[PDB]
Structures are given as structure tokens and as C-alpha cells.
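As provided, entry-v9.txt (compact mmCIF, C-alpha atoms and all ligand atoms) reads as follows.
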```txt
# COMPACT_ATOMS: atom_id res chain seq x y z
CA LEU A 4 9.77 -13.20 -17.96
CA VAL A 5 12.76 -11.46 -16.33
CA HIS A 6 12.39 -7.75 -15.46
CA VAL A 7 15.73 -6.26 -14.90
CA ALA A 8 15.94 -2.98 -12.91
CA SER A 9 17.55 -0.18 -14.95
CA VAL A 10 18.44 3.07 -13.18
CA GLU A 11 16.93 6.14 -14.84
CA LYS A 12 19.85 7.46 -16.80
CA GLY A 13 22.41 9.29 -14.66
CA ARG A 14 20.08 9.54 -11.63
CA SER A 15 21.18 9.01 -8.02
CA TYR A 16 19.83 9.30 -4.48
CA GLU A 17 19.55 13.06 -4.56
CA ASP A 18 17.28 12.91 -7.66
CA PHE A 19 14.88 10.55 -5.91
CA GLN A 20 15.03 12.55 -2.64
CA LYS A 21 13.82 15.52 -4.69
CA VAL A 22 10.89 13.48 -6.01
CA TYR A 23 10.17 12.23 -2.47
CA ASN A 24 10.23 15.84 -1.31
CA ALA A 25 7.83 17.01 -3.96
CA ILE A 26 5.34 14.28 -3.09
CA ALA A 27 5.80 15.04 0.66
CA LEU A 28 5.29 18.78 0.15
CA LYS A 29 2.10 18.15 -1.89
CA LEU A 30 0.90 15.78 0.87
CA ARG A 31 1.25 18.65 3.32
CA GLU A 32 -0.30 21.21 0.92
CA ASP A 33 -3.37 19.30 -0.35
CA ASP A 34 -4.64 18.60 3.12
CA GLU A 35 -8.40 18.87 2.49
CA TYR A 36 -8.74 15.68 0.50
CA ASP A 37 -11.23 13.10 1.84
CA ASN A 38 -12.48 15.11 4.83
CA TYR A 39 -8.96 16.20 5.83
CA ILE A 40 -7.47 12.70 5.73
CA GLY A 41 -5.20 13.95 2.98
CA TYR A 42 -3.68 11.79 0.27
CA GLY A 43 -1.39 9.59 2.44
CA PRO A 44 -3.67 6.58 2.73
CA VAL A 45 -4.73 6.49 -0.94
CA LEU A 46 -1.09 6.68 -2.03
CA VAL A 47 -0.22 3.69 0.15
CA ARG A 48 -3.14 1.78 -1.33
CA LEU A 49 -2.07 2.75 -4.83
CA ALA A 50 1.44 1.43 -4.27
CA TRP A 51 0.01 -1.83 -2.95
CA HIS A 52 -2.49 -2.22 -5.81
CA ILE A 53 0.12 -1.66 -8.47
CA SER A 54 2.36 -4.28 -6.81
CA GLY A 55 -0.37 -6.70 -5.77
CA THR A 56 -1.15 -7.85 -9.33
CA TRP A 57 2.10 -9.89 -9.23
CA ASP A 58 2.01 -13.62 -9.82
CA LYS A 59 5.07 -15.53 -8.59
CA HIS A 60 4.28 -18.39 -11.00
CA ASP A 61 4.94 -16.54 -14.26
CA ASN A 62 6.22 -13.12 -13.09
CA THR A 63 3.32 -11.30 -14.61
CA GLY A 64 1.93 -8.13 -13.00
CA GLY A 65 3.85 -6.39 -10.29
CA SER A 66 5.13 -2.85 -9.93
CA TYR A 67 7.89 -3.03 -12.53
CA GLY A 68 5.94 -2.15 -15.66
CA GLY A 69 3.92 0.82 -14.37
CA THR A 70 0.92 -0.72 -16.08
CA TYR A 71 -1.68 1.06 -13.88
CA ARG A 72 -1.33 3.93 -16.36
CA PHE A 73 -3.24 1.83 -18.93
CA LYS A 74 -7.02 1.80 -19.00
CA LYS A 75 -7.55 -1.92 -18.36
CA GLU A 76 -5.77 -1.63 -15.00
CA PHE A 77 -6.78 1.97 -14.24
CA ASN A 78 -10.41 0.81 -14.61
CA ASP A 79 -10.16 -2.41 -12.58
CA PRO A 80 -13.14 -2.33 -10.23
CA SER A 81 -10.67 -3.32 -7.44
CA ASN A 82 -8.86 -0.03 -8.14
CA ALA A 83 -11.86 2.26 -7.71
CA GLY A 84 -10.85 5.46 -5.91
CA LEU A 85 -7.12 5.09 -6.81
CA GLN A 86 -7.69 7.62 -9.62
CA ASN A 87 -7.39 10.19 -6.82
CA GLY A 88 -3.82 8.96 -6.09
CA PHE A 89 -2.97 9.01 -9.76
CA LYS A 90 -4.24 12.60 -10.10
CA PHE A 91 -2.20 13.66 -7.07
CA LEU A 92 0.93 12.24 -8.67
CA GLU A 93 0.33 13.83 -12.12
CA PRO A 94 1.97 17.16 -11.32
CA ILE A 95 4.85 15.32 -9.66
CA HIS A 96 5.33 13.29 -12.83
CA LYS A 97 5.15 16.54 -14.86
CA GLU A 98 7.95 18.03 -12.76
CA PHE A 99 10.04 14.85 -12.92
CA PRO A 100 9.22 13.31 -16.22
CA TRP A 101 12.31 11.05 -16.19
CA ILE A 102 10.98 8.82 -13.39
CA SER A 103 9.28 5.62 -14.55
CA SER A 104 5.62 5.10 -13.68
CA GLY A 105 6.34 2.11 -11.43
CA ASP A 106 9.04 3.97 -9.60
CA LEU A 107 6.69 6.93 -9.09
CA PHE A 108 3.73 4.90 -7.90
CA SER A 109 5.88 2.80 -5.51
CA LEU A 110 7.77 5.87 -4.30
CA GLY A 111 4.44 7.53 -3.59
CA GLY A 112 3.63 4.78 -1.14
CA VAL A 113 7.03 4.95 0.54
CA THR A 114 6.75 8.72 0.89
CA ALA A 115 3.23 8.50 2.29
CA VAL A 116 4.17 5.88 4.93
CA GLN A 117 7.17 7.91 6.06
CA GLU A 118 5.48 11.30 6.04
CA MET A 119 2.68 9.77 8.11
CA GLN A 120 5.36 8.98 10.75
CA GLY A 121 5.64 5.35 9.77
CA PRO A 122 8.80 3.30 9.49
CA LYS A 123 11.51 4.09 6.98
CA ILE A 124 10.95 1.96 3.89
CA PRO A 125 14.10 1.31 1.86
CA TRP A 126 13.37 1.78 -1.81
CA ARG A 127 15.18 0.86 -5.00
CA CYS A 128 14.78 2.57 -8.37
CA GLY A 129 14.85 1.06 -11.81
CA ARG A 130 11.34 -0.10 -12.68
CA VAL A 131 10.90 0.30 -16.45
CA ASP A 132 7.63 1.14 -18.17
CA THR A 133 6.38 -1.80 -20.23
CA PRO A 134 3.78 -1.78 -23.03
CA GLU A 135 0.01 -1.89 -22.83
CA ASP A 136 -0.16 -5.55 -23.73
CA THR A 137 1.79 -6.37 -20.53
CA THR A 138 -1.04 -5.02 -18.35
CA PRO A 139 -2.39 -7.75 -16.16
CA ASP A 140 -6.05 -8.61 -16.44
CA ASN A 141 -8.47 -7.49 -13.74
CA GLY A 142 -9.22 -9.85 -10.84
CA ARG A 143 -5.77 -10.35 -9.29
CA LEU A 144 -6.42 -8.10 -6.27
CA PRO A 145 -8.11 -9.61 -3.21
CA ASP A 146 -11.74 -9.78 -2.19
CA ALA A 147 -12.71 -8.39 1.23
CA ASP A 148 -15.66 -10.60 2.01
CA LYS A 149 -13.70 -13.74 2.65
CA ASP A 150 -12.06 -15.61 5.53
CA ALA A 151 -8.56 -16.32 6.80
CA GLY A 152 -8.02 -19.31 4.55
CA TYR A 153 -8.78 -17.14 1.55
CA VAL A 154 -6.38 -14.43 2.73
CA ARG A 155 -3.62 -16.99 3.37
CA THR A 156 -4.01 -18.65 -0.03
CA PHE A 157 -4.39 -15.33 -1.81
CA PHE A 158 -1.09 -14.07 -0.44
CA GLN A 159 0.89 -17.18 -1.37
CA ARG A 160 0.62 -15.89 -4.93
CA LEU A 161 2.60 -12.82 -3.81
CA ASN A 162 5.09 -15.03 -1.90
CA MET A 163 3.94 -13.69 1.43
CA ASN A 164 3.80 -15.73 4.63
CA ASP A 165 1.58 -15.29 7.70
CA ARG A 166 3.84 -12.74 9.37
CA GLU A 167 4.09 -10.74 6.13
CA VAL A 168 0.33 -10.75 5.60
CA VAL A 169 -0.43 -9.67 9.15
CA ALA A 170 2.25 -6.92 9.05
CA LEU A 171 1.03 -5.61 5.68
CA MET A 172 -2.62 -5.47 6.85
CA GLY A 173 -1.63 -2.95 9.53
CA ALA A 174 -1.94 -0.37 6.80
CA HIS A 175 -5.71 -0.77 7.38
CA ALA A 176 -5.35 1.65 10.29
CA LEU A 177 -5.03 4.31 7.59
CA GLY A 178 -7.78 6.32 5.89
CA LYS A 179 -11.15 4.72 5.40
CA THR A 180 -13.37 2.59 3.36
CA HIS A 181 -15.73 4.34 0.92
CA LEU A 182 -19.05 2.85 0.00
CA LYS A 183 -18.91 4.07 -3.60
CA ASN A 184 -15.46 2.61 -4.18
CA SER A 185 -15.61 -0.83 -2.59
CA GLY A 186 -19.04 -1.42 -1.04
CA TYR A 187 -17.65 -0.88 2.48
CA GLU A 188 -17.93 2.24 4.57
CA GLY A 189 -16.14 3.87 7.42
CA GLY A 190 -13.20 3.59 9.68
CA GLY A 191 -12.66 7.24 10.54
CA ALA A 192 -9.97 9.66 9.37
CA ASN A 193 -6.56 8.45 10.54
CA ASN A 194 -3.43 9.65 8.72
CA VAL A 195 -0.83 8.69 11.27
CA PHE A 196 0.94 5.37 10.73
CA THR A 197 0.72 3.40 14.02
CA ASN A 198 0.01 -0.14 15.18
CA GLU A 199 -3.55 0.81 16.10
CA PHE A 200 -5.10 -1.69 13.61
CA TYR A 201 -3.98 -4.51 15.92
CA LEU A 202 -4.99 -2.72 19.11
CA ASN A 203 -8.41 -1.95 17.67
CA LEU A 204 -8.91 -5.52 16.52
CA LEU A 205 -8.12 -6.85 20.00
CA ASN A 206 -9.73 -4.17 22.15
CA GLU A 207 -12.90 -2.93 20.43
CA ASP A 208 -16.39 -4.38 20.81
CA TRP A 209 -17.09 -5.51 17.25
CA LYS A 210 -20.50 -6.09 15.72
CA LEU A 211 -21.15 -7.80 12.42
CA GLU A 212 -23.45 -5.34 10.67
CA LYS A 213 -24.72 -4.78 7.17
CA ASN A 214 -23.77 -1.58 5.47
CA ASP A 215 -25.78 0.48 3.03
CA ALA A 216 -24.48 -1.58 0.14
CA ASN A 217 -25.91 -4.72 1.78
CA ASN A 218 -22.42 -6.06 2.61
CA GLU A 219 -21.33 -7.35 6.02
CA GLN A 220 -18.60 -5.50 7.88
CA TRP A 221 -17.50 -5.26 11.49
CA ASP A 222 -18.23 -2.02 13.26
CA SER A 223 -17.59 -0.65 16.73
CA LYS A 224 -19.48 2.14 18.51
CA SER A 225 -16.28 4.16 18.66
CA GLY A 226 -16.44 4.49 14.85
CA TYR A 227 -13.79 1.86 13.89
CA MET A 228 -14.53 -0.69 11.18
CA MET A 229 -12.97 -3.89 9.95
CA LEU A 230 -13.49 -5.79 6.75
CA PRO A 231 -14.26 -9.48 7.00
CA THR A 232 -10.75 -10.18 5.85
CA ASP A 233 -9.39 -7.93 8.59
CA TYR A 234 -11.45 -9.62 11.25
CA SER A 235 -10.27 -13.00 9.99
CA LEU A 236 -6.85 -12.15 11.46
CA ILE A 237 -8.32 -12.62 14.92
CA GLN A 238 -10.41 -15.67 13.92
CA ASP A 239 -7.43 -17.74 12.76
CA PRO A 240 -5.13 -18.79 15.58
CA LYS A 241 -1.88 -18.32 13.71
CA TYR A 242 -2.82 -14.84 12.58
CA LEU A 243 -4.13 -13.99 16.08
CA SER A 244 -0.72 -14.68 17.67
CA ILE A 245 0.87 -12.23 15.27
CA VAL A 246 -1.85 -9.59 15.76
CA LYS A 247 -1.13 -9.78 19.51
CA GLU A 248 2.63 -9.46 18.91
CA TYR A 249 2.20 -6.29 16.89
CA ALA A 250 -0.39 -4.88 19.29
CA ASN A 251 2.27 -5.18 21.99
CA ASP A 252 5.31 -4.04 20.17
CA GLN A 253 5.14 -0.93 17.96
CA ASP A 254 8.79 -1.15 16.92
CA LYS A 255 8.48 -4.75 15.86
CA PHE A 256 5.42 -3.93 13.74
CA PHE A 257 7.32 -1.04 12.12
CA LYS A 258 10.30 -3.25 11.28
CA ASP A 259 8.22 -6.10 9.91
CA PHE A 260 5.95 -3.77 7.96
CA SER A 261 8.95 -2.06 6.43
CA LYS A 262 10.42 -5.37 5.25
CA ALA A 263 7.14 -6.75 3.91
CA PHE A 264 6.25 -3.53 2.15
CA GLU A 265 9.65 -3.15 0.53
CA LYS A 266 9.33 -6.75 -0.60
CA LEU A 267 5.84 -6.24 -1.94
CA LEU A 268 6.99 -3.23 -3.98
CA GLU A 269 9.99 -5.15 -5.36
CA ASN A 270 8.36 -8.52 -6.19
CA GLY A 271 9.10 -9.49 -9.78
CA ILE A 272 12.18 -7.29 -10.15
CA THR A 273 15.68 -8.58 -10.78
CA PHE A 274 18.26 -6.16 -9.38
CA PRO A 275 21.69 -6.47 -11.03
CA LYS A 276 24.51 -7.25 -8.64
CA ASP A 277 25.96 -3.78 -9.22
CA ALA A 278 22.60 -1.96 -8.77
CA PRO A 279 22.69 0.84 -6.18
CA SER A 280 21.84 -0.15 -2.62
CA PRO A 281 18.31 0.71 -1.48
CA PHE A 282 17.78 4.32 -0.72
CA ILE A 283 16.46 5.52 2.67
CA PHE A 284 14.86 8.87 2.17
CA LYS A 285 14.82 11.58 4.77
CA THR A 286 11.45 12.94 5.78
CA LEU A 287 10.65 16.68 5.32
CA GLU A 288 10.82 16.88 9.11
CA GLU A 289 14.28 15.35 9.17
CA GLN A 290 15.43 17.87 6.55
CA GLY A 291 13.89 20.88 8.28
CA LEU A 292 11.61 21.44 5.32
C1 LIG B 301 -6.80 -9.10 1.97
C2 LIG B 301 -6.11 -8.05 1.55
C3 LIG B 301 -6.77 -6.76 1.40
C4 LIG B 301 -8.12 -6.47 1.15
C5 LIG B 301 -9.26 -7.41 0.87
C6 LIG B 301 -8.17 -5.03 1.17
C7 LIG B 301 -9.38 -4.34 0.95
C8 LIG B 301 -9.50 -2.93 1.07
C9 LIG B 301 -10.77 -2.25 0.79
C10 LIG B 301 -12.08 -2.84 0.39
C11 LIG B 301 -10.51 -0.89 1.07
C12 LIG B 301 -11.44 0.30 0.94
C13 LIG B 301 -11.22 0.95 -0.42
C14 LIG B 301 -12.19 2.14 -0.55
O1 LIG B 301 -13.40 1.93 -0.38
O2 LIG B 301 -11.75 3.29 -0.80
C15 LIG B 301 -9.10 -0.79 1.40
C16 LIG B 301 -8.48 0.44 1.78
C17 LIG B 301 -7.10 0.55 2.04
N1 LIG B 301 -6.24 -0.49 1.92
FE1 LIG B 301 -6.59 -2.46 1.70
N2 LIG B 301 -6.99 -4.41 1.37
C18 LIG B 301 -6.14 -5.43 1.60
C19 LIG B 301 -4.76 -5.29 1.85
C20 LIG B 301 -4.04 -4.11 1.94
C21 LIG B 301 -2.58 -4.04 1.99
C22 LIG B 301 -1.67 -5.20 1.91
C23 LIG B 301 -2.31 -2.63 2.07
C24 LIG B 301 -1.00 -1.93 2.18
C25 LIG B 301 0.07 -2.42 2.76
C26 LIG B 301 -3.61 -1.96 2.03
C27 LIG B 301 -3.79 -0.56 2.22
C28 LIG B 301 -5.06 0.09 2.22
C29 LIG B 301 -5.10 1.50 2.49
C30 LIG B 301 -3.96 2.39 2.89
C31 LIG B 301 -6.50 1.81 2.38
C32 LIG B 301 -7.18 3.15 2.57
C33 LIG B 301 -7.27 3.96 1.32
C34 LIG B 301 -8.06 5.23 1.51
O3 LIG B 301 -8.25 5.70 2.63
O4 LIG B 301 -8.40 5.89 0.48
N3 LIG B 301 -4.69 -2.84 2.04
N4 LIG B 301 -8.47 -2.03 1.48
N1 LIG B 302 -10.72 -1.80 7.95
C1 LIG B 302 -10.13 -0.95 7.01
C2 LIG B 302 -9.74 -1.39 5.78
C3 LIG B 302 -9.16 -0.49 4.93
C4 LIG B 302 -8.91 0.82 5.29
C5 LIG B 302 -9.35 1.22 6.57
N2 LIG B 302 -9.25 2.40 7.20
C6 LIG B 302 -9.85 2.31 8.38
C7 LIG B 302 -10.33 0.99 8.54
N3 LIG B 302 -9.95 0.35 7.38
```

Any chance you could put this one into C-alpha cells?
Ligand code: HEM
Ligand SMILES: Nc1cccc2nccn12
Amino acid sequence: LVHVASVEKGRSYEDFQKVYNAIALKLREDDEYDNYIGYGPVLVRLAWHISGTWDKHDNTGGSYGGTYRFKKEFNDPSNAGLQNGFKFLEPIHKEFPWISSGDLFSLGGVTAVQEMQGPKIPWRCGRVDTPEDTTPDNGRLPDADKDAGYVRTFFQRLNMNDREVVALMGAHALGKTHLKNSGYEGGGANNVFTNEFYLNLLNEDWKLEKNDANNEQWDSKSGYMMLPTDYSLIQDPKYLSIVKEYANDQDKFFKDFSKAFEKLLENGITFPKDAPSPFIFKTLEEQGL
């Protein structure tokens, strides 16, 4: 299976900046969502979930096909709550109906990270919608109740190494867990992209507690929470080294996150040699908008 990127006909950087802007403006406008978290965190999670179905072995899944639009994937139990991201993006897709579904979902995540003051994430267009029968089956996204060895093995399927996994998990500073979606609850209301996941892991007093869904999670009295898979990054010595690196170097985290996230969103895609270079979108702030 080769998935060759194909630029939406006649479109260039300025087209995609407009789409970016529309998402960014809606992020600013619809600020009440999820107890004033806003939609930034769920859009990042959406971009990851649409990409994280990829399997390096056969090139199935991945962002290219935009298959989250189909019911099998839309209704994956692992994707519970992402319907809110999809609804957010509906009027954007109405305004810009030429963009492919994969490009929109992935661009949503890029826009969210940047608008939340995260690193710039270079982004390439050209994902092409594929048919319903290309939708990957449920069960390719990771479980949260597991340990470091699970996390490490899981992410080999996505061709991610230890550094990539640890960098990517820093997105867990964002938003919160919701008992009705995942069987985990809490984490506060953060919508600023920082390296605080690593700082919190290292510096908080964590207790292993059961939540109201009868699942174990790690909680601190300050109101922070970590999944078992998050906490595994400080249980495993190789992950721990990396957690400490990012806790001590915000810029390095930003740079590594940006690379890993771009890679995640592009796994499975063949870019022709004469494809445009990745785009780096300006934030609303940078544009004076
Ligand atoms: C072992 C890997 C991972 C596991 C088990 C995991 C699990 C979860 C779970 C259970 C939630 C709560 C969902 C809810 O209840 O609404 C969640 C939220 C989130 N995850 Fe992950 N995740 C993982 C990796 C990632 C990666 C790689 C990213 C992005 C780079 C990501 C970004 C997020 C974001 C942004 C949220 C918050 C969404 C919201 O506030 O609505 N996670 N994650
Ligand atoms: N631990 C965790 C996982 C996913 C999202 C999130 N937000 C705050 C904490 N958190």
C-alpha cells in the first residue's frame, strides 16, 4: 500500500494559512468548551488518534485517508469524546470544502499546538480521502492501564523510539481526562503548551488511587493526574532520563515534540520529490489577528 501525497488542486501556502486562521479564530471564539479549556486539547488528541492507527508493517491506518469520518472509526471506544473535535471542525470544513479530511484533522492539531503557544509544527498537505473499506478496525490505539514495556512495544508499531514517545506524551499536560470518555478523571484545565507534564511527573507527590470508574490512576493533592502509562515514564530508567531532560530544557522539549508530532502526522505518506516543502504557519498573534 503506497499513499502518495497529492496537493489539493491549485492550492498553496496561503490557502492553508487561511484554514489555519479559521481554526485559530474559532479556538479563540468558542472558549467555553469543557469548563473554559476550549477546544485546543481535544483537537491535538484528534490529530493523534487519526494518525495513531498507523501500522508500519502494512501501511494500514494513518492520517492519509481521513477515515475517522467513517462510523467504524468515529465510534471506536478509544475515540470517545473526539466527536467534539469533529463538530468543531465541521464549519471549517464547510467553509473550505476543498481540504481533505486527513489534512483538516492533522492541521487542526498543528493549529491547536501553535495557538496554545507551543512549538511551530511544520505541516505538509496532500492527504487524500480513501474509501470506507480502508478504515482501520478498532483496537489500534493504546491502552492507558499498562506499563512502560507496553508503551515501548506499542509505539514501535508507529516507528517511534524512546525519545519520540517521551516527547509526544508531553501533550498530556493539556486538557483533562474525562470519566465518561475513557474511565479516567481529572488533570485540571490547562490550555497552554508547556513542558509542565515532565515537571509535574518529577515534582508532585503522587498517590495511586482508584477513580469512580474503579480504575487506578495517579493523583496529586494539587489536582494533577497521571495515567498509569504516564507514570510509567518515571518507572522505566530510560524514559526517566528523557523526562528529566525535558523537565530541564523547555526549548529542547519543544524541538523534539515538533519533530515527533510532524512525523506522527505524516507516517504512511509518500511525498513526491517535487512536493512543496513543509509549511510553517504563522499564529494569529504573529499576524496581528
Ligand atoms: C500511551 C499512549 C497514550 C495513552 C494511553 C493516552 C491515553 C489518553 C486518555 C485515556 C486520555 C483521556 C481522554 C478523555 O477521557 O477525554 C487522553 C487525553 C489526551 N491525550 Fe492521550 N494518550 C496517549 C498518548 C497521547 C499522544 C501521543 C498525544 C499527542 C501528542 C496525546 C494527547 C492527548 C490530549 C491532548 C488529551 C486531552 C484531550 C482533552 O482534554 O479533551 N495523548 N490520552
Ligand atoms: N495525565 C493526562 C493524560 C491525558 C490528558 C491529561 N490532561 C491532564 C492530565 N492528563

Selection as an NGL selection string: residues within 6 Å of ligand LIG 301 (chain B) by only C-alpha atoms and all ligand atoms
:A and (44-45 or 47-48 or 51 or 84 or 145-147 or 154 or 171-172 or 174-175 or 177-182 or 184-185 or 187 or 232)

Tell me which of A:242, A:73, A:200, A:126 sits closest to residue 283 (chain A), counting all atoms listed in the file.
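Once distances to residue 283 (chain A) are computed over all atoms listed in the file, the minimum belongs to A:126.
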
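CA of residue 188 (chain A) is found 17.8 Å from CA of residue 173 (chain A).
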
Ranking A:40, A:223, A:123, A:49 by minimum distance to residue 289 (chain A) and counting all atoms listed in the file, which one comes first?
A:123

If we count only C-alpha atoms and set the cut-off at 9 Å, which residues sit around residue 209 (chain A), ignoring sequence neighbours fewer than 2 positions away in its own chain? Please answer as number ranges by chain.
A: 204, 206-207, 211, 221-224, 227-229

Pick from A:285, A:149, A:183, A:59, whichever lies nearest to residue 125 (chain A) using only C-alpha atoms
A:285
